[PDB]
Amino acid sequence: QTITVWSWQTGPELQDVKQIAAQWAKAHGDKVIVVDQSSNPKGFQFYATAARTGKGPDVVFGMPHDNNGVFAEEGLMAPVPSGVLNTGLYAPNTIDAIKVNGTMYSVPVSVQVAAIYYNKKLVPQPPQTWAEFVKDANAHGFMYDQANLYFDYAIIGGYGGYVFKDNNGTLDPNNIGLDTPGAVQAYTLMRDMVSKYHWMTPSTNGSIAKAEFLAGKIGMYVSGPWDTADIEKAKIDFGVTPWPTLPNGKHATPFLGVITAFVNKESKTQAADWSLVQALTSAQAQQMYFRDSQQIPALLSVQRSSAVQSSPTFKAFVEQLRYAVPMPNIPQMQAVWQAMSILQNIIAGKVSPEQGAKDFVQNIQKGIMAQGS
């Protein structure tokens, strides 16, 4: 018979996943099939769509933790069995990220915090203050997936904005802070990056920004370890640096993302599934994933290895970590991602930042109301 694994991580890491699975299979006898879903237009939530109709995989690898709230609530995830996760081997925020309604539903594999990747050919020294940033941006260019909340939240949070109010670990989905005076100021700066700085056009997105950077046309770009391989293949002499402080003198607040692995509740071979998951998420595995893409391991013991401690990716990570905000993992967070398109209207000047902020929050509250039966 066969065990099917769906991976949302591609590139070098995918190859490591396949070799580890092959080795596990030689001992267990089950045939293991790995499918690359990273390019699926349906996105991360495609797992629920498939799992709802009994067409899902047995194991899922490389899923950003925010998505699991939906899967867990709909009963598409098998709870993590006892003895598999030792909460003491990870930072506390990493563990909270995999818990849904108090139950651990997935295993952490890596931790992510977006940073600024720069071309040392154009930008010898990375900017640290907004003043230096404007200087380097006007001179050699800057672009990123500007209307994607995952990335621009760094600015929003920097101005005091927030998605759901955090009350000592408990999120209040009724207290949204995306239309506070601070957020509006953030949206204005986002608008300015196009209308006055002219660093980007209302049309610029992640695809264009990445292509431009790989062609050596722009000096800075906001990204993550998922682009490490493509950058090295383009032989760009790059560096990694945290977001600069914003014009209000505050530090930007990027999201902290935890990449996870989990088991489908419908899978008939759950004992074997978890054994496989343990192999794909072990300390040895995490060392392999770090090798090429520089993916930061979730396990604290591997983070302490000298190879990791000395990498540019880890240095930026450690300097931004205390300012990073873990993405909410509750079901309502999906309503946020889906109402996100409004940001493009604000950036394009179709609506003012004031009104756009209001429309954004209203579309989120509506989407949330839609959820729940």
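The first residue of the shown sequence is 1; numbering continues from there.
Mean CA B-factor, 342-350 versus 62-70: the higher value falls on 342-350. As the entry records it, the average C-alpha temperature factor is higher for 241-249, out of 241-249 and 276-284.
Among 225, 254, 79, 126, the highest C-alpha B-factor in the deposited entry belongs to 126. When the C-alpha B-factors of 265, 196, 99, 210 are ranked from the entry, the top spot goes to 196. The entry lists a Cα temperature factor for residue 305 that places it in the highest third of the chain's modelled residues. Compared with the other modelled residues of the chain, the Cα B-factor recorded for residue 336 ranks in the lowest third. Among the modelled residues of the chain, residue 54 sits in the highest third by CA temperature factor in this PDB entry.
Per the PDB record, residue ranking by Cα B-factor puts residue 108 in the lowest third of the chain. In the PDB entry, residue 319 places in the middle third of its chain by CA B-factor.
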